[PDB]
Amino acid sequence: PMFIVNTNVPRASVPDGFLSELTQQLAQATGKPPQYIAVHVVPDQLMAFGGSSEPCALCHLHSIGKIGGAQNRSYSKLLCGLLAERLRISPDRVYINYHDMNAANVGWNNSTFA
């Protein structure tokens, strides 16, 4: 899994330990080994949500499998919870795009997962 969060929250408002928390919780929620989880946080962005520059987040989760209606609801509850608690972003100002990747379309270690 690869998770990116783009946010207008400033860098100093991203708490120490946040990438590690993301990694741990995504490993558990997806069932994937932590070694395969990548996370990326992009603060200080020029963004708006509903025309408003109040705190917001635009995110993507790519995974080989483990994507679907019920799973995605679970991930959203988890991730919006983290963004609210750690970054003080309202859940109704977060979008997360979920992408189920075919193994043949993910490169890693000089090859692909197919």
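All residue numbers are counted from 1 along the displayed sequence.
When the mean C-alpha temperature factors of 26-34 and 54-62 are read from the deposited coordinates, 26-34 comes out higher. Looking at mean Cα B-factors across 38-46 and 66-74, the upper value is held by 66-74. For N97, the recorded CA B-factor ranks within the lowest third of the chain. Only modelled residues enter the ranking. The deposited CA B-factor of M2 belongs to the middle third of values across its chain.
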